[PDB]
Amino acid sequence: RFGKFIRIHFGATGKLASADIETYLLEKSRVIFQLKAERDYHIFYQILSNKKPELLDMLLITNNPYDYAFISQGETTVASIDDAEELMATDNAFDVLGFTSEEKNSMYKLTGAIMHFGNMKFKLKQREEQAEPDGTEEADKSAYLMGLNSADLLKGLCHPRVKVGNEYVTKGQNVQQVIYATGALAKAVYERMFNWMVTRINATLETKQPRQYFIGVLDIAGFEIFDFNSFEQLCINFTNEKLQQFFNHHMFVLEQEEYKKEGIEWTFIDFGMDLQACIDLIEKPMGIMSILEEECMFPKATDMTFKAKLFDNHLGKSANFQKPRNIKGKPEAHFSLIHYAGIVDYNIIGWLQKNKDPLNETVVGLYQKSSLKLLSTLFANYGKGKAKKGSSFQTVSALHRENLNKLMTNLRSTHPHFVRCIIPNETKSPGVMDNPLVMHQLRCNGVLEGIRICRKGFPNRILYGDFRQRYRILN
Amino acid sequence: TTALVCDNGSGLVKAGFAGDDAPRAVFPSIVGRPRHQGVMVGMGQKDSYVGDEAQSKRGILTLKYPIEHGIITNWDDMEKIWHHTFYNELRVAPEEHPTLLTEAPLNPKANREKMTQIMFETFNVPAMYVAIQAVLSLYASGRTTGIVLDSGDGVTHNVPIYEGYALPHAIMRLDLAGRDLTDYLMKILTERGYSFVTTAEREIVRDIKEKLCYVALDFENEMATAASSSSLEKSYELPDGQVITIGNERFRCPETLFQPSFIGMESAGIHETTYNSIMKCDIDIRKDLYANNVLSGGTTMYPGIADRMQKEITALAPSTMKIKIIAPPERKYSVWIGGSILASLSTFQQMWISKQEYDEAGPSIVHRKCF
Amino acid sequence: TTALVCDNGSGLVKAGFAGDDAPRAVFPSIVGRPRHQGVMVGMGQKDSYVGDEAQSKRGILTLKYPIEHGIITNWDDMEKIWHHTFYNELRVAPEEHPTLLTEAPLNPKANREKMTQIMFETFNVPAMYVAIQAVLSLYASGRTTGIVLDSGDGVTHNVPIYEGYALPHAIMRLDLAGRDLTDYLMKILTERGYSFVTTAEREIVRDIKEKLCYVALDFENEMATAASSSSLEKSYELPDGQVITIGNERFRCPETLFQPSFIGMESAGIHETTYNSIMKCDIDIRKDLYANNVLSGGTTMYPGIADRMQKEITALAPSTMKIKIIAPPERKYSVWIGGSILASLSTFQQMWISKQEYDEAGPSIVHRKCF
Ligand SMILES: Nc1ncnc2c1ncn2[C@@H]1O[C@H](COP(=O)(O)OP(=O)(O)O)[C@@H](O)[C@H]1O
Ligand SMILES: Nc1ncnc2c1ncn2[C@@H]1O[C@H](COP(=O)(O)OP(=O)(O)O)[C@@H](O)[C@H]1O
Ligand SMILES: [Mg+2]
Ligand SMILES: [Mg+2]
């Protein structure tokens, strides 16, 4: 899922010096919400391996994956990869690495704490709309693991302190808001752990050689197509479309360079805006993403209202938004977009609930006041000009757009090269092919777009000598 | 760019950027002038202390409130307040920040016209908009229906909203507010032996009111208890000593809200105006208004006001309805939170009164559909 | 394929696929418009609430029935009703589904022509047909003779049929129906101190009329009983409390059917019109017509209407004639059941009006012998 990116540095004399690794666009929605036929990250399943008994009893982990709420919603287990020796291999790789085993144990215990965040329960009060917990055993054990106080954590979750002017005041939270905050905290702590791990790996990998010009290597998820497309697939499709637009612009620049080299210069119209017409209906204001982000802020929003607003603001007014199609008994379709890869339809249901990422400031302060390493991950988190978005005003889509923009401010500074890998068949048998599979691979790889852009100009170019030695015999 | 949300309010000016969870700057709206001569030469005292600075020099200044009940009465003081807020509090140039302003219902149109003229001419704000306090309060409360009671320091009013549709004929406005409560507290403290007259001691009386006063669930029972028991007496420390103890005067000051006959007002209490406003609306929406009673404003912050008002409304209303009162802990700043939410909406960006529109149509553009 | 049986009626649109036991979608035929302005922005309210949605927003909408008395007076509203019925309640595209329509006897030809034109042009149905609302009710009763009294909300009519041969010269139509009864109840409830004026609370009054009103066997005796005792009084709970009690008004509302002079109409009562239509026919079929009285329509659902009507008609009719009244429990939906039965017939498949036939012959095809 995450956009792995490795920068390979070189010395002054053009010799290999060092390697720098970075990560981008890691998806947080997978942690909490999973599709019915899909699993979560391999981490949680690997921890539940029974071949290591010490971790389970020292963390007081229930050995049954069914009991845990965060995991059981998706498909429980598949025969993808045998988790046991993979977990032992990762543990061995960590052991032979630069840091000690106490950090590894902190990693496992933090993951176990993330696991126990789903057991939290809350109920309404006597004669008030405020929410109070009923059970506290899971809260007690989680606080014991994090080295916090259960009473303080519960008070922070139920009654978040906020700063107004020069005085602190307490805010009220209902059940829905506290559940959203609990999910957002679990996603955020996982993100911070992953980023810190990446920084540690980069530091360990680092050599003392000077870093002159580098060669970047970028790996990104493809233009995945399903019959049940959702928000997670929408973000991936939008990122892939941005990358395809970048490739189209680069190829147009190369074609213009060749034209000016050969002195054969016509059709100066840029090849970017044709694809950017679809981009402008996603990231720009009054786009799909902007309307989605606004809608969740309205406290009475519902899926029907969101669909009605999309139809009012985009049906017929835009050149890409259009009605969905019902084919071969597909389960649901609400709206259909047109991309470089064809017609894609997405399902609205469930988008509004999972877009919210309201973080809690007092819980982050409590983490900073903790007695564990966790304070390092949450060291800095959230007058003469400020635009600091509030904790409530936090959407996954906004973070996705920000990360994509900061990635484009970095990738555009380097001359790009493209490598495409195509699976020949769905089966392991060599030689045989699946034609629809190759069609789908070509469509998602953008080769059809490349040949289409090449075909509108003059794609066939032959030297005068070759033309004479082949076609002069005609007259 | 980013939007700016400024709430002039009454007795407290609170402002901050849109998309924030709380106002950055909160300070009293006071302009003070030195009333003495001044003998030291070289310091060069300024001729006007504005904002929270006047609180520090409270003992040598005449504190004047620029607004009485919502309406601005001293415009020059209001330019001073706005300039202080924009420069010494937020440290931003309003030349590139749209400004959202909050304004109470049923006020003179000249007030809004002058407000917009000042914003567009003196500060040259690119765009601005004026909204009603009750709508913002309902925004911040996470609701789409229900009748909201906004009681600040300037004026108390109720605005019933159902499904995002207002009922203008059912809007009731009452001028009883926190300032009148402070004045009645002064009038009732002198019967014990403490006299407060100067405008500097207005702040002391207000602080006593904020710190000690509370609303009694029953009036006669509490008076009977206080006539014999002395468990209701609490001491307060003045800024120079001579602690004062107040007995039944602590729960008698906020009773003016439910008994406006104490200060000579003819109208009825807030618990009765809310019921009358509910019965003003249509018969098919009275249940939802009953079940979504919303509170906001600083004056509604007294301990036990929610229980008293619920008991009164339950007495008034038919016995077959469930009366529920929503009192979030952040009543005081609810309006500004609603303003931040409103300004952060994407579809609101086309409802601003731009500079071109104001230039073309004059100050009268405010009363168009961009209400 | 399948056929759609739509029954517009008046005040209740009921529809469903042919061959079903009961109609699938039943909802009032009203169109609502917001009469207020709306202060909350970003919600994006629609400009017209149609169907059962408007019943939930009665308090902020004005309700207009697109059908006054059988005929359609607001064609845009009727088109909205039809579109809602086809695309939301049934969720079936009418492109490949024939439709069967119903309307009252003795209606303007322009109404039928415009209905046919709209249904071929706007919706592009493959075929359609119009049937009398009384003949279908006769089918649904498993009969082939006798008269049928279709007292709906818009119009009341009698159609005598003997052995499948209709008698056009004996058809009697009366404009008194459920809407007039509701209006009369609204008028006479004022004498008890309850005022209902808004179109929204007309629905409330209709609820009281449905729930409590009943037809008295004797008028003078029930009047004396209600004036002397108080055992006939019942209480109804309004949507906002304040339970109200109705006494003598309980049975005065439905008596307008047998006493049209209460609302000022000169025409005779229901029983008298039925008897006049019976004797308007021939002399050799009067016995069968007497023995097969059929009741249908919502208005004929009052408790005790059958006994009173039988007593009245027996008083009018000769003593040596047996009088029977058929009152099935499903009077309200009888017309749609008959329509479904008719559309399920195999011999009826050749009576549809094909789109090509309409194009070749024009809108006047329906009135032509190709009925
Ligand atoms: N805890 C409290 N108890 C009682 N009264 C309070 C409390 N806090 C504030 N007030 C009163 O509320 C007033 C502030 O109201 P405010 O919300 O500023 O009104 P506006 O929004 O119109 O400016 C003060 O004058 C003060 O008397
Ligand atoms: N049991 C009942 N008691 C009183 N009124 C009734 C009853 N049933 C139906 N009605 C009245 O009949 C009307 C609906 O009749 P309906 O047959 O649906 O007319 P249409 O077929 O023209 O739509 C309603 O207005 C309702 O008030
Ligand atoms: Mg206020
Ligand atoms: Mg009918």
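Residues numbered from 1 in each chain as written, not as in the entry; some residues may be left out. Chains lettered and ligands numbered in written order. Part of a larger assembly, values for the part shown. Heavy atoms only, no water.

1. Some thoughts on the overall build of chain A
The condition is simple: Helix and strand definitions follow DSSP, with helices as H or I runs of at least four residues and strands as E runs of at least two, each counted in order from the N terminus. Using a 1.4 Å probe on the protein chains alone, a residue whose accessible area is under 20% of its type maximum counts as buried, one over 50% counts as exposed, and one in between counts as partly exposed. Using a 1.4 Å probe, the Shrake-Rupley method yields the accessible areas, and only the shown protein chains count as cover for residues. Charge convention: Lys and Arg are scored as positive, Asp and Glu as negative, and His as well as the terminal groups of each chain are ignored. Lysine's charge is taken at NZ, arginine's at CZ, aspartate's at CG and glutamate's at CD.
Scanning chain A for helices and strands turns up 20 helices and nine strands. By principal-axis analysis of the C-alpha atoms, chain A measures approximately 100 × 60 × 55 Å. The buried share of chain A, taken over its 475 residues, is 43%. As displayed, chain A has an accessible area near 27,100 Å², and 57% of this comes from carbon and sulfur atoms. Side-chain charges in chain A split into 59 positive and 56 negative, and the spacing between the mean points of these groups amounts to 5 Å.

2. Details of the side chain of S29 of chain C
Residue and element names in this part refer to chain C. Applicable threshold: Counted as a polar contact is a pair of N or O atoms within 3.5 Å, where, for protein atoms, one must be capable of donating a hydrogen and the other of accepting one, and residues adjacent in sequence contribute only when both atoms are in side chains. Contact criterion: two residues are considered in contact whenever any of their non-hydrogen atoms come within 4.5 Å of each other.
With respect to the helices and strands, the residue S29 is situated in the loop between β3 (25-27) and β4 (31-34). What makes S29 buried here is its relative accessible area of 1%. Side-chain polar atoms of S29 contact the backbone nitrogen of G11, separated by 3.1 Å. Setting aside residues no more than four positions away along its own chain, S29 makes contact with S10, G11, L12, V13, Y65, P66 and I81.

3. Description of a negative patch on the surface
To keep it simple, the criterion reads: Note on patches: the residues involved have over 30% relative accessible area and no salt bridge, like charges join within 9 Å, and the nonpolar side chains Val, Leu, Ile, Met, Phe, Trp and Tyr join within 5 Å. We count a salt bridge whenever a side-chain nitrogen from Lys or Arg sits within 4 Å of a carboxyl oxygen from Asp or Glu.
Together, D82, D83, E85 and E86 of chain A line one region of the surface with negative charge. Looking at where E85 of chain A falls in the secondary structure, it is placed in helix α5 (residues 83-95).

4. Digging into helix α7 (residues 137-146) of chain A
One full turn of an α-helix is made of 3.6 residues, so residues set three or four places apart face in the same direction. Residue and element names in this part refer to chain A. Selection criterion: When we speak of the arc, we mean the arc of directions from the helix axis to the C-beta atoms.
When α7 is considered as a whole, its buried residues turn out to be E138, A139, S142, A143, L145 and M146. Looking straight down α7, one finds that the buried residues subtend no more than 160 degrees of arc, so they occupy a single side. Looking at α7, the residues exposed on the side facing more than 90 degrees away from the buried face are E137 and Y144. Buried residues belonging to α7 abut α3 (53-59), α6 (101-115), α8 (150-158), α15 (361-368) and α16 (374-377). At the C-terminal side of α7, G147 shows a positive phi close to 75 degrees.

5. Let's talk about the sheet that holds strand β8 (residues 127-132) of chain C
Residues and elements named next belong to chain C. To be explicit about the condition: A strand pair is defined by DSSP finding two or more bridges across the two strands. For every element, the axis is a line fit to its C-alpha atoms; helices are fit only across the contacting stretch, and the angle between N-to-C directions ranges from 0 to 180 degrees.
In space, the six strands of this open sheet follow the order β3-β2-β1-β7-β8-β17, with mixed pairing throughout. In this open sheet, the two edge strands, each paired with only one partner strand, are β3 and β17 (353-354). Strand direction decides the pairing type here: strand β1 (residues 4-7) and strand β7 (residues 99-103), joined by two bridges, are parallel. Looking at the pairing, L4 lines up with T99 of β7. Contacting β1, β7 and β8, helix α4 (residues 133-140) runs over the sheet at an angle of about 85 degrees to β8.

6. A closer look at the UniProt feature "binding site: ADP 1" (unreviewed entry) in chain B
All names here are of chain B. Our working rule: UniProt positions are given in the numbering used here, feature names are shortened, and annotations may be inferred rather than shown by experiment.
The residues that UniProt annotates with the feature "binding site: ADP 1" (unreviewed entry) are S10, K14, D153, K209, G298 and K332. Looking at the element boundaries, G298 is found in the loop between β15 (293-296) and α11 (305-316). Since its relative accessible area comes to 33%, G298 is described here as partly exposed. Dropping the residues within four chain positions of it, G298 is found in contact with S151, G152 and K332.

7. Remarks on the site of ligand 1
All names here are of chain B. In plain terms, the rule: Definition of nearness: a residue and a molecule or strand are near each other if at least one heavy atom of the residue lies within 4 Å of the molecule or strand.
Close to ligand 1 lie 13 residues, the nearest being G9, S10, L12, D153 and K209. Contact between ligand 1 and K209: an oxygen atom at 2.6 Å from a side-chain N or O atom of the residue. The contact in question runs from an oxygen atom of ligand 1 to an N or O atom on the backbone of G298, over 3.3 Å. The protein chains hide 90% of the 580 Å² of surface that ligand 1 would expose on its own.

8. A few points about the interface of chain B and chain C
Note the following rule: Put simply, buried area is the surface a 1.4 Å probe can reach on two separate parts but cannot reach once they are joined, added for both. Just so you know the grouping, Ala, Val, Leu, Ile, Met, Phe, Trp, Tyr, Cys and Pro go in nonpolar, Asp, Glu, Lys and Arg go in charged, and all remaining residues, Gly too, go in polar.
Tallying the contact residues gives 27 residues for chain B and 24 residues for chain C. Summed over the three residues of chain B that lose the most area to chain C, namely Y165, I283 and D284 of chain B, the buried surface amounts to 32% of that side. The tally of links from chain B across to chain C stands at three salt bridges. In this structure, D240 of chain C engages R286 of chain B in a salt bridge whose closest nitrogen and oxygen atoms are separated by 2.5 Å. Along the contact surface separating chain B from chain C lie six residue pairs in polar contact. Where the side of chain B that touches chain C is concerned, the elements lending two or more residues are α4 (133-140), β10 (156-162), β11 (165-166) and α10 (286-291) of chain B. Considering every element that reaches the side of chain B that touches chain C, the biggest residue donor is α4 of chain B, with three residues. A breakdown of the residues in the side of chain B that touches chain C according to their chemical character gives 17 nonpolar, four polar and six charged.

9. Details of the interface of chain A and chain B
Chain A puts 26 residues into the contact, and the matching count from chain B is 29 residues. The tally of links from chain A across to chain B stands at three salt bridges. Two residues, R127 of chain A and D307 of chain B, come together in a salt bridge whose shortest N-O distance is 2.5 Å. Counting residues per element, the ones that place at least two in the side of chain A that touches chain B are β5 (161-164), β6 (167-170) and α12 (288-297) of chain A. Taken together, the residues of the side of chain A that touches chain B break down into eight nonpolar, eight polar and ten charged.

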